[PDB]
Amino acid sequence: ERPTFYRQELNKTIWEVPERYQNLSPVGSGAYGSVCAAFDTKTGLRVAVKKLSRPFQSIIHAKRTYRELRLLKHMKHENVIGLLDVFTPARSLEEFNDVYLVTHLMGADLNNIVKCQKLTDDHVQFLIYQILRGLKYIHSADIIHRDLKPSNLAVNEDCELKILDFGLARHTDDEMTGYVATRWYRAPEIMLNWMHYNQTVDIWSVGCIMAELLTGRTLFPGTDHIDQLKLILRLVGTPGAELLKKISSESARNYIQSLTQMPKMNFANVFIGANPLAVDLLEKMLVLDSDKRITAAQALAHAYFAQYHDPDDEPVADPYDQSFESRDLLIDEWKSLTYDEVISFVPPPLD
Ligand SMILES: Oc1ccccc1Cl
């Protein structure tokens, strides 16, 4: 039952893959892992094959490997990335070192859609509808994506959308620093490690993305964390008394209280020309108090999506057992857990 593998070196990396994958072409490397595009002869699909870099190099990296695999094996939804395959060339746990993941090859992401194309309001409705449908699913499993931004959303020629890679390993400090797209969609409460936070951080991200689709420009293109905060508070207003209570870092409170009080702006005067319903939705997403932000299931029922909303076709997820997150194991234990997950993988049907 084990398939036959063949080897080849591409840009100083050995790839050993099942024969079913053909015409491997390097596509990139850095998000630690090399990625090749290939043709999968068994499904007829163009696929991206990611070879993980040093998956069990430390406890941290081994747990991260486990976490990514568990998450990708769970996601089964039209608007979310899933796993077509996962494999290793090893024939036993004792020689298990390398892990390859396989998913659908995506073309365009939303960034180059917003940069290269004029979207109508109908396109904005459809794109945002699909992000919220996918996010309803994700959140119903008690998973937080954490890294929703246009480059993480694949969009095909029919404007059909998929949410791609989850924020799994926290980004390094340096890659969130300065004038960088990496931070522009992040919710204020997690911009610094200064509050604990919920699923609705992803809803803030969606509001930022929706605003950019509507204007064609970044809503909060901050030059650093503090510049970005000031852009945010200028739009949504400074926190009142109700909300300053709920903040618990004293140092955060203390900086926040140094700021001059600003009222919430009028969104109809920021988003000139936009559908009044879109503006209404944005006001419900872009709220500082994260307890009061609209949820994805709530947002799907908003009147802006009246032409796409179907309550019998917005599925929720099977339960996702995340108890491993609180568990402490050695490298070889994490690794053996990963091996069982590779070995038990069962592919999606061609129907
Ligand atoms: O980003 C991913 C995820 C799973 C498989 C392949 C790639 Cl490139």
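- Per the deposition metadata, X-ray crystallography was the technique used to determine this entry, at a resolution of 2.16 Å.

- Where the PDB entry is consulted, the protein appears under the name MITOGEN-ACTIVATED PROTEIN KINASE 14, with the organism given as Homo sapiens.
- What the PDB entry is called, per its title line, is "fragment based p38 inhibitors".
- UniProt lists a comment for the protein under the heading Cofactor, and it reads "Mg(2+)".

## Let's talk about the sheet that holds strand β8 (residues 108–109)
Each strand in a sheet pairs with another by means of backbone hydrogen bonds, the pair being arranged parallel or else antiparallel.
Logical step 1: Spatial ordering of the open sheet is given by β8-β9-β10, a layout of three strands whose pairing is antiparallel. Two strands in the sheet have a free side with no partner beyond their single neighbour: β8 and β10 (161–163).
Logical step 2: Two strands pair when backbone bridges link them, and strand β9 (residues 153–155) and β10 are joined in this way by three bridges, in the antiparallel orientation. Its bridge partner lying in β10, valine 155 is registered against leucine 161.

## Concerning the pairing of strand β2 (residues 13–18)
Logical step 1: The buried count for β2 comes to five of six residues, which makes it a mostly enclosed element.
Logical step 2: Summarising the sheet, strand β1 (residues 5–10) and β2 pair through six bridges and their orientation is antiparallel. Its bridge partner being in β2, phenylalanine 5 is matched across the sheet by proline 18.
Logical step 3: A loop of two residues connects β1 with β2, the two strands running antiparallel in sequence, and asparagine 11 in this loop sits at a positive phi of about 45 degrees.

## Regarding the site of the ligand
Logical step 1: Taken together, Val35, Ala48, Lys50, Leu72, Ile81, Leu101, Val102, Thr103 and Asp165 make up all the residues around the ligand.
Logical step 2: Between an oxygen atom of the ligand and a side-chain N or O atom of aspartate 165, the distance comes to 2.7 Å.
Logical step 3: Taking 260 Å² as the accessible area of the ligand by itself, protein coverage stands at 91%.
Logical step 4: Where the shell around the ligand is concerned, the elements lending two or more residues are β5 (45–51) and β7 (100–104).
Logical step 5: Ranked by residues supplied to the shell around the ligand, first place goes to β7 with three residues.
Logical step 6: A breakdown of the residues in the shell around the ligand according to their chemical character gives six nonpolar, one polar and two charged.

## A word on the pairing of strand β4 (residues 34–40)
Logical step 1: Most of β4 is tucked away: five of the seven residues are buried.
Logical step 2: Two strands pair when backbone bridges link them, and strand β3 (residues 21–29) and β4 are joined in this way by six bridges, in the antiparallel orientation. What sits directly across from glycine 28, in β4, is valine 35.
Logical step 3: As paired strands, β4 and β5 are joined by seven bridges and run antiparallel to one another. Considered in β5, the bridge of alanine 38 is made with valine 47.
Logical step 4: Between β4 and β5, which follow one another and run antiparallel, lie four residues, and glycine 44 among them has a positive phi close to 75 degrees.

## Re the environment of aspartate 98
Logical step 1: Inspection of the secondary structure puts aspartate 98 in the loop between β6 (85–87) and β7.
Logical step 2: Judged by its relative accessible area of 30%, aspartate 98 is partly exposed.
Logical step 3: With 44 residues separating them along the chain, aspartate 98 and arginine 54 place their C-alpha atoms 7.8 Å apart.
Logical step 4: In this view, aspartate 98 contacts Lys51, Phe87, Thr88 and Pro89; residues no more than four positions away in its chain are not counted.

## What to know about the pattern of salt bridges
Logical step 1: One pass over the structure, following the stated rule, counts 15 salt bridges.
Logical step 2: Ionic pairing is found between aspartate 85 and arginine 20, a salt bridge with its closest N-O pair at 3.9 Å. With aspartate 85 in strand β6 and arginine 20 in the loop between β2 and β3, this pair connects stretches of sequence that are 65 residues apart.
Logical step 3: Under the relative-accessibility criterion, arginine 20 is labelled partly exposed at 23%.
Logical step 4: The structure contains a network of salt bridges with shared partners spanning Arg20, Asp40 and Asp85.

## Re helix α3 (residues 121–140)
Logical step 1: For α3, with 20 residues, the first-to-last C-alpha span of 28 Å sits near the 28 Å given by 1.5 Å per residue.
Logical step 2: When you tally the buried positions in α3, you get 15 out of 20 residues, the bulk of the element.
Logical step 3: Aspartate 142 sits one or two positions beyond α3 and adopts a positive phi of about 60 degrees.

Here is what the cut-offs are and how they apply
Residues numbered from 1 in each chain as written, not as in the entry; some residues may be left out. Heavy atoms only, no water. Residues with missing side-chain atoms left out of burial classes, pairs and counts. UniProt positions renumbered as here; feature names shortened; annotations may be inferred. Pairing = 2+ DSSP bridges. Helix = DSSP H or I, 4+ residues; strand = E, 2+ residues; numbered from the N terminus. Buried < 20%, exposed > 50% of the residue type's maximum accessible area, 1.4 Å probe, protein only. Near = heavy atom within 4 Å. Polar contact = N/O pair within 3.5 Å; in protein donor to acceptor, adjacent residues only side chain to side chain. Areas by Shrake-Rupley, 256 points an atom, 1.4 Å probe, with all protein chains shown as cover. Nonpolar A, V, L, I, M, F, W, Y, C, P; charged D, E, K, R; others polar. Contact = heavy atoms within 4.5 Å. Salt bridge = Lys/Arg side-chain N within 4 Å of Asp/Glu carboxyl O. Expected span 1.5 Å × (residues − 1).

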